[PDB]
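Next up, structure tokens for two forms of one chain, structure 1 and then structure 2.
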Structure 1
């Protein structure tokens, strides 16, 4: 085994609880379906009170999912799909409604955008997420600047949360200076209120015992720490979490990505030639520099970005293992590994790029219209 990364040491640092095989079988048991490879392969290794989301479900009780998205240049990439892919699965395997927050307000506050430019990006991004194919009959995608003024529960929760979070606390958590507009300072309450059922009357109509499940990155744990700590204090169930590992930066194993450097990740907007070239040229390699050496020494998957990407996007186990075994035994060359991955990414992105182009303004408009929606244990 190579060095690469360490996630068992984080389970400590953050005080969260690791997702063991017992739990994995538990989900499978209650779901009546085969667990997602993210679980099987340890991509989503940690959690918080999933035991509760389950206790509820196994005891024939509902729960819902929450995901958010801040309107950016829309330069969305491959790593951004991990949480959506997973959440879509959690949704499908449990038949539970999903609320998705488009923080157009957060971006108006942070970026130099107009109020309309922000709402406008929230729409464009909504096309990307809808392309991931979430069941419209159970997914509500909302604009903050829009849904705030058309709900008898949201603001009331914002205010309740707002009273229980001092300024020092958020300073310590988000690091807000005194040069920051009062907008930013208060915002944590906005992205925290969607975690409570009654913030959505046209869905949970007044109900308060419908727990929330939030799949997220492990490092994001401190941020939901605030929301979970206030939950009881305002008479609500803390939202459970599902932690994921970091999605590797194209170059170097575990570097930081961004849209500033167009060569940090493959965008859901790149063509087959771009993906091909990007993977061949930039993906960090965990294989020897000499084919002779690469034959008896082989390569380590644990630091090879390419093989790591397969861990996320290769659906068939036997084939992923095969690549693993052969890349390691030297039998497979680094360029034959890039090829295998390029063969997986091009259709992934062409598929999303295609499936996206089929999103009609009516579909968008529908997805963002508050309304009743069906699901298990209603």
Structure 2
């Protein structure tokens, strides 16, 4: 697959080691999430500082986001949200979720209306993940921008402190780009500063922020961590995750356009099964005889990587890794297992989502004081 240890060293982040994991445990009195245990969330930035504060009764809040590329979301999209929902429960902190409808409107051929609608439609599945209506604010850039005292003020502060060359260097823009993309990064940085949410943090400017996100989002926050000092704020802490594997392989890329690219949150019990069997890449030997002697390759097998994300029972996963690695299990049974797991899983989601009424999305997306004052 891909070498994440090099990414870490490359970018400058830090590896999450057992020490850290154990701290999280001692600090939360709850067994750390399997993403932490199984290396899905492998890198971090300043997580110890976060823990130190937390353990010393100093408040911190969660910040994560979603780009509403489309109405169709897929299993891969849920990882950061799933983990964030867990972090919220376990630490009992408020959460802020950014729907970058304005970003997609900029990067894709979408109309302001479409973008927004996707931001709202997506809010449903994000909500379906179980976030506490009392301590989480899901917001649309297009909306919130125009109904906030602090948000825009921080963008302007952040923009006055980031040159085109910087973003050119970081994001690789070009003189040919729209001034809208050139300064969009400021918008994604802004929610890293508590006072961007006056109605929930009280013009407070030193509240620690922890940003769980996929490893590829880091550049935005590297730029953010960079400006913060320069503007009198504290830099956001980070917990990075690995990329979710496409059905065709860890290497290949997945889009909301290729439906056979991944399992979508709307797929049916039957579609789930079909996708795995007819598209999930394998690490299993060609002939079944070959497999029995050599055993599968757990490292490149998409189906197994999947279980790694959704088979919660730590022991059962092992039984599979073992019997699969040795050859005792044919990729056929493996896949069969992944389905037996995914089906009830997506079904579950689809139900929780249906319970999300319009008035619930409304509340979630309404800026207001949150439980933990």
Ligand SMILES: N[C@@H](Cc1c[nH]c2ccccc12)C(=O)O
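Residue numbers count along the first chain shown, from 1. If you superpose the two forms and keep the largest set of C-alpha atoms that fall within 1.5 Å, you have the rigid core.
Taken from the form deposited without ligand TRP is structure 1; the remaining one is not. Fit the rigid core and compare the CA positions between structures 1 and 2: of 258, 114, 271, 137, just 114 moves by 2 angstroms or more. Put the two forms on the same core and the Cα of residue 235 is off by less than 2 Å between structures 1 and 2. Comparing the forms between structures 1 and 2 on their rigid core, the Cα displacement of residue 184 reaches 2 Å or more. If you fit the rigid core between structures 1 and 2, you'll see the Cα of residue 284 move by less than 2 angstroms. Structural comparison between structures 1 and 2 after rigid-core fitting shows the C-alpha of residue 62 displaced 0.9 Å. Summarising the core-aligned comparison between structures 1 and 2, the C-alpha atom of residue 207 is found to shift 1.1 Å. For residue 223, the CA shift between structures 1 and 2 after superposing the rigid core equals 2.0 Å.
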